[PDB]
Amino acid sequence: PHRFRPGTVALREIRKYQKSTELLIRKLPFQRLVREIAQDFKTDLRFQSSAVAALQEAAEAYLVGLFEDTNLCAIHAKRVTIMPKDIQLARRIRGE
Amino acid sequence: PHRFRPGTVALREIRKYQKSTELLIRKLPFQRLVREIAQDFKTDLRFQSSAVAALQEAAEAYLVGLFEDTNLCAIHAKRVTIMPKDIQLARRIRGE
Amino acid sequence: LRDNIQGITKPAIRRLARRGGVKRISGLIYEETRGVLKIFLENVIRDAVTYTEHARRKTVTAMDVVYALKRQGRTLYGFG
Amino acid sequence: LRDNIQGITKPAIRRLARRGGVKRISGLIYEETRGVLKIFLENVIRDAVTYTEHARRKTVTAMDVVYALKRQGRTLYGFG
Amino acid sequence: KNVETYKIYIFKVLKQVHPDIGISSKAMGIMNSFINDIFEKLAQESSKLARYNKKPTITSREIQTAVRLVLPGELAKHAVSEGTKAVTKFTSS
Amino acid sequence: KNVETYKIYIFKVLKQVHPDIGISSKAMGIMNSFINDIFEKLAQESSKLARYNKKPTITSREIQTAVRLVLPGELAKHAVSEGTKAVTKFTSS
Amino acid sequence: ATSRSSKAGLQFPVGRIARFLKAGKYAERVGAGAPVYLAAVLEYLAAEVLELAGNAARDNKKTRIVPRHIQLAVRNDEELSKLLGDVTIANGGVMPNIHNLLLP
Amino acid sequence: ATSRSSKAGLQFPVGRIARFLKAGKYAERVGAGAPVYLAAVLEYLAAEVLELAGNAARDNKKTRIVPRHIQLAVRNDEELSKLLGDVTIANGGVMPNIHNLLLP
DNA sequence: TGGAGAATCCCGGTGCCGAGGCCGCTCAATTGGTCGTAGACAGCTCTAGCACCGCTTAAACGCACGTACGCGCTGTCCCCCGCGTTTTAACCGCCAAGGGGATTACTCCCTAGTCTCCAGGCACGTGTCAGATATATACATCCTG
DNA sequence: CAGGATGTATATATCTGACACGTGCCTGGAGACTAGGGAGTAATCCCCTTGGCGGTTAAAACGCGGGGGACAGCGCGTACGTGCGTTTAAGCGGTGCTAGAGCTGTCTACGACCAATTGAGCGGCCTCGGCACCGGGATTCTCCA
């Protein structure tokens, strides 16, 4: 069978997903997670659909930026594979 | 003659300067530099002494924080010597 | 509601990384990302719930989320 | 006033690095530090001069510098 | 209730700058919220500026200095130029 | 001109918590400016909260919500408890 | 009765902006020239952003501005990026940027 | 004429804080309980910071609080450091921290 | 190069629901007086910022040298990517309840506004004292040894 | 270990300038009190948020070779720390000088504001048109060879 070299599909996916504006996390799991988190602060809360949509948009944008910084940190260490130490360093420099 | 191993005096200086609260840049050169920079925005300006002191304090604090982040970036790359690439990475992650 | 943090699956993290320009991903990246996502969502939802409670409402609106995000310097357009 | 950026000598930058926990320093670190210091001072002094010009003054007050630093999220106490 | 927005004026500016290019309602809302955000930023900057000098009034000078504080570089310079031109046109007639 | 500052009250609080410990004038200035900064932050948060709900009044509820928005975690919880205690003491007596 | 916007030659609502300034309680008095200057600045910023978004749409070869084009315009310009560094635009996507070391 | 501060059991100046709330024009009206609540919050924060600063001064074997001790108190507690993350204290110095890999 | 093998693009219909327009109608912008107000505008005054100068010393600084760290290389192995195959859970359409949040009166109460006391807080005069500060004096401390 | 310097602490006088304390007075607080406006509250309704459900598909799970990247070890040469005279420029105290922040009258432009008035803008419907999508063709990459 035909097999692409490792990494080729990785850049193909990189080029594809940077071109689209769709949401990458499934809506129902994120909605459930948001409700579970909000349950700890105030019980019996209701969410407008636009509120959950805004939360998902902000979370995805934040994670994309965090992964950009993580890739920068991993490249700095002469590596291509991102690692938890890269995320930790990126968050530490950001002040989080 | 007696010679300390490299890094011994470096560690001694690290311990010494983290304990003191004195200013590390000479006052007159920093005052002259601030006046030269301010000359580009509005000519014939006068500076209150407390204004220059506040500028020096802020600049030294900012540089100390930047060097802390640079040291973190240098340790990330399995190095002890800090390099311009470390400063550039730290500034890029900070958003500067 | 319990264990919905596992609802952020490995393909979702991989797609988020691909959008960010990442080429290879380690194994523990998924757990680290889930932790940081939980932290971010906790902060934002705490601020949004505070805004909702102040207005004596029981329904979290989109404007509360927009204000909460703005308070962290992450102003979001398209939901005004 | 000309070439006062060289007034930030190598020992001053080395002491600033020692205070920050740095053990070894490369050669080009001094030039990079001078550049970044010039950028930071340019930003802060621009904001301070704007504040001074608004008040129709010709003397840059310490309160102007405090406001300029606050506008950048670098709140400084002891000069209020 | 009447929700007041800058949609008409944003459309007018677009047709003045791009005669043949339309705009979607999503971009309309994004532009409206951007205008509202910039308005809020400039207004709060001017209010803080007035409080610093203990002036009870907001004049065009406060707006100009808020523009210089908030907008960066050439954007701020051009904004100041257009503001001064518009104020001169207004008070000249 | 009489410049108002929190030096006496800060000294009183210090003598209430640390009877035998003194304080320098620089520390007084730093503490006073810290109190001023926290006051300013809470005041602007309360004003924004009032503007969001179209309420022209700043009540203790606005201050409480500003405290929860600005102070973090257990510090915010303790601040809310002391504020509620003081308001109750003021009202009931 | 000529409108103030027409008198100052501005498309933006000088009168509405004056009302917004008064209603926000920013100051106890509001000058006559403040709404005109603020309207001019807002018009300039809107014109700049719309120009860049239209150019980005033209390079995309579309005749309508969409939030993707606005995001591209924001992230292409330097000073607009500095002004809008911390903002997130709905459905804006990201700037296509692949680092050199990742290339084969 | 009993003062409001002593009436609410607060050391901080409820009257002065009420005057400051009116002067800032944050809103048209301020409640009777807003100055008391704000004074209580300010007094609590001051008491906390002074407590940690005095403890830091005692660990340094000095009687007198100085800005160095205030900086130590701010950076020792997680809550205040979270509140004061972006703040530089005049003459505060830095926390003595040397990375593990830098040791011989 | 070059051929397979898959990926990307691209065009043509084809459907389609979302912009653009339009229309009552309401509110808000324009006008028109009118009168507190406030801010610029002189005038002045003192003070702090500047300018300078002698002189000294300690920090910068150039340089020689020794060392240890960057760094490329060199295998090496393991674990992340690509790729099928299950399988399952998100999704989507829809509908029924239900509840809750704006909203509208509506009354009352509480805060400004002001004025009349009254009081405490606030920049100089005392006085004094903990803290810097040289100065010997141990105390670790670290490179040799 | 261990001895020999080596800064680094470790006491010890000592004096001094940096702060707790009087002081007086006037400018904030406290009290009184009133009218109007805001806010709480009580109803009220409809619309939006939730909950269920069923079908069914495409994404998530689940092994699994295989290749490519991390990564430890390894020479090596160079650039950074470290002594070491040397010089130079910052510090620093004092002194003159001047210019401009701050404060104080003063009055005239200049803005709030409201009652008509009216014009533009906003919500609720028509409508058609750029564009998304979707097969097939064209193109282009990409691994293998």
# chains A, B, ... in the order shown; residues from 1 in each chain; ligands from 1
call {"tool": "residues_around", "arguments": {"residues": "residue 77 (chain E)", "least_positions_apart": "6", "cutoff": "9 Å", "atoms": "only C-alpha atoms (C1' of nucleotides)", "output": "MDAnalysis selection string"}}
result
chainID E and resid 67:68 71
call {"tool": "write_last_selection", "arguments": {"atoms": "C-alpha atoms", "output": "tab-separated table (two decimals), in the first residue's frame"}}
result
chain	number	residue	atom	x	y	z
E	67	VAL	CA	-5.47	59.73	20.77
E	68	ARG	CA	-1.72	60.20	21.18
E	71	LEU	CA	-3.14	54.96	19.11
call {"tool": "residues_around", "arguments": {"residues": "residue 68 (chain A)", "least_positions_apart": "4", "cutoff": "12 Å", "atoms": "only C-alpha atoms (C1' of nucleotides)", "output": "ChimeraX atom specification"}}
result
/A:14,18,61-64,72-75,82,86-87,90-91 /B:92-93 /C:16-23 /G:94-99
call {"tool": "interface_residues", "arguments": {"of": "chain I", "to": "chain E", "cutoff": "9 Å", "atoms": "only C-alpha atoms (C1' of nucleotides)", "output": "list in words"}}
result
residues 18, 19, 27, 38 and 39 of chain I
call {"tool": "write_last_selection", "arguments": {"atoms": "C-alpha atoms (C1' of nucleotides)", "output": "short mmCIF file (atom, residue, chain, number, x, y, z; two decimals), in the first residue's frame"}}
result
data_model
loop_
_atom_site.label_atom_id
_atom_site.label_comp_id
_atom_site.auth_asym_id
_atom_site.auth_seq_id
_atom_site.Cartn_x
_atom_site.Cartn_y
_atom_site.Cartn_z
"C1'" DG I 18 -28.74 35.89 4.13
"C1'" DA I 19 -27.55 41.03 2.76
"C1'" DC I 27 -37.08 59.25 19.13
"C1'" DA I 38 -14.36 78.13 34.41
"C1'" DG I 39 -10.48 78.44 32.22
#
call {"tool": "interface_residues", "arguments": {"of": "chain I", "to": "chain G", "cutoff": "12 Å", "atoms": "only C-alpha atoms (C1' of nucleotides)", "output": "ChimeraX atom specification"}}
result
/I:19,28-31,37-38
call {"tool": "interface_residues", "arguments": {"of": "chain C", "to": "chain A", "cutoff": "7 Å", "atoms": "only C-alpha atoms", "output": "number ranges by chain"}}
result
C: 1-2, 4-5, 7-8, 12, 15-26, 28-29, 32, 42, 45-46, 58-62, 65
call {"tool": "closest_residue", "arguments": {"among": "I:133, I:67, I:107, I:87", "to": "chain B", "atoms": "only C-alpha atoms (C1' of nucleotides)"}}
result
I:67
call {"tool": "select_by_dssp", "arguments": {"residues": "chain F", "states": "alpha helix (DSSP H)", "output": "MDAnalysis selection string"}}
result
chainID F and resid 7:17 25:52 60:70 73:92
call {"tool": "atom_distance", "arguments": {"atom1": "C1' of residue 68 (chain I)", "atom2": "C1' of residue 70 (chain J)"}}
result
25.1 Å
call {"tool": "decode", "arguments": {"residues": "region 65-95 of chain G", "atoms": "N, CA, C and O atoms", "output": "compact mmCIF listing (two decimals), in the first residue's frame"}}
result
# COMPACT_ATOMS: atom_id res chain seq x y z
N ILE G 65 -16.51 41.60 2.26
CA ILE G 65 -15.65 41.52 3.44
C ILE G 65 -16.27 40.58 4.46
O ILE G 65 -17.47 40.67 4.76
N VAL G 66 -15.47 39.67 4.99
CA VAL G 66 -15.91 38.71 5.99
C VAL G 66 -14.94 38.77 7.16
O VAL G 66 -13.84 39.32 7.01
N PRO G 67 -15.29 38.25 8.34
CA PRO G 67 -14.37 38.35 9.49
C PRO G 67 -12.99 37.77 9.24
O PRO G 67 -12.02 38.23 9.86
N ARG G 68 -12.87 36.77 8.37
CA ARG G 68 -11.55 36.27 8.01
C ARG G 68 -10.70 37.36 7.38
O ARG G 68 -9.51 37.51 7.71
N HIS G 69 -11.29 38.15 6.48
CA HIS G 69 -10.55 39.24 5.85
C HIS G 69 -10.18 40.31 6.86
O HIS G 69 -9.09 40.89 6.79
N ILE G 70 -11.07 40.60 7.81
CA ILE G 70 -10.75 41.57 8.85
C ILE G 70 -9.59 41.09 9.70
O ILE G 70 -8.69 41.86 10.04
N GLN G 71 -9.58 39.80 10.06
CA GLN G 71 -8.47 39.26 10.84
C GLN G 71 -7.17 39.34 10.07
O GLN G 71 -6.12 39.70 10.62
N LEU G 72 -7.20 38.99 8.77
CA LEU G 72 -6.00 39.08 7.96
C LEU G 72 -5.50 40.52 7.87
O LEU G 72 -4.29 40.77 7.97
N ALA G 73 -6.41 41.47 7.69
CA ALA G 73 -6.02 42.88 7.62
C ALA G 73 -5.41 43.35 8.94
O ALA G 73 -4.42 44.09 8.95
N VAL G 74 -6.00 42.93 10.06
CA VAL G 74 -5.49 43.33 11.37
C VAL G 74 -4.09 42.77 11.58
O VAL G 74 -3.19 43.47 12.05
N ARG G 75 -3.88 41.50 11.23
CA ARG G 75 -2.60 40.86 11.47
C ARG G 75 -1.55 41.19 10.41
O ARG G 75 -0.38 40.86 10.61
N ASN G 76 -1.94 41.82 9.31
CA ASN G 76 -0.97 42.26 8.31
C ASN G 76 -0.36 43.61 8.63
O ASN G 76 0.82 43.84 8.31
N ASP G 77 -1.11 44.51 9.25
CA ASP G 77 -0.64 45.87 9.52
C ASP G 77 0.09 45.91 10.85
O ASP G 77 -0.28 45.20 11.79
N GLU G 78 1.12 46.75 10.93
CA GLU G 78 1.94 46.80 12.14
C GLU G 78 1.22 47.54 13.27
O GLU G 78 1.00 46.97 14.35
N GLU G 79 0.86 48.80 13.05
CA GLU G 79 0.29 49.60 14.13
C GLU G 79 -1.09 49.09 14.54
O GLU G 79 -1.46 49.14 15.72
N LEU G 80 -1.87 48.58 13.58
CA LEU G 80 -3.14 47.96 13.94
C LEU G 80 -2.92 46.70 14.76
O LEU G 80 -3.69 46.41 15.68
N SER G 81 -1.87 45.94 14.45
CA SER G 81 -1.54 44.78 15.27
C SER G 81 -1.17 45.21 16.68
O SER G 81 -1.57 44.56 17.66
N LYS G 82 -0.40 46.29 16.82
CA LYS G 82 -0.06 46.78 18.15
C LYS G 82 -1.30 47.23 18.91
O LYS G 82 -1.44 46.98 20.11
N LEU G 83 -2.23 47.90 18.21
CA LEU G 83 -3.46 48.34 18.85
C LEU G 83 -4.36 47.15 19.18
O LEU G 83 -5.04 47.14 20.21
N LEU G 84 -4.38 46.14 18.30
CA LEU G 84 -5.25 44.98 18.46
C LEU G 84 -4.46 43.70 18.69
O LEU G 84 -4.80 42.64 18.15
N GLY G 85 -3.39 43.77 19.48
CA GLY G 85 -2.60 42.58 19.76
C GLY G 85 -3.33 41.56 20.60
O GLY G 85 -3.21 40.35 20.38
N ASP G 86 -4.11 42.02 21.58
CA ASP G 86 -4.74 41.15 22.56
C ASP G 86 -6.15 40.75 22.18
O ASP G 86 -6.80 40.02 22.94
N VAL G 87 -6.65 41.19 21.03
CA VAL G 87 -8.04 40.96 20.66
C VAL G 87 -8.16 39.64 19.92
O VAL G 87 -7.20 39.17 19.29
N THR G 88 -9.32 39.01 20.04
CA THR G 88 -9.65 37.79 19.30
C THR G 88 -10.88 38.07 18.44
O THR G 88 -11.91 38.51 18.96
N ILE G 89 -10.76 37.82 17.14
CA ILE G 89 -11.83 38.11 16.20
C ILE G 89 -12.55 36.80 15.89
O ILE G 89 -11.93 35.80 15.55
N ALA G 90 -13.88 36.81 16.04
CA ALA G 90 -14.67 35.62 15.80
C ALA G 90 -14.55 35.16 14.36
O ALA G 90 -14.64 35.97 13.43
N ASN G 91 -14.34 33.86 14.17
CA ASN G 91 -14.18 33.24 12.86
C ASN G 91 -13.05 33.87 12.05
O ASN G 91 -13.10 33.91 10.82
N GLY G 92 -12.01 34.35 12.73
CA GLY G 92 -10.92 35.01 12.04
C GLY G 92 -9.81 34.08 11.59
O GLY G 92 -9.03 34.44 10.71
N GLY G 93 -9.74 32.89 12.17
CA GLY G 93 -8.63 32.03 11.81
C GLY G 93 -7.33 32.57 12.39
O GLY G 93 -7.30 33.37 13.32
N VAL G 94 -6.22 32.11 11.79
CA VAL G 94 -4.89 32.52 12.20
C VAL G 94 -4.09 32.89 10.96
O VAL G 94 -4.42 32.52 9.84
N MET G 95 -3.02 33.64 11.19
CA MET G 95 -2.09 33.96 10.12
C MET G 95 -1.30 32.72 9.73
O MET G 95 -0.69 32.08 10.60
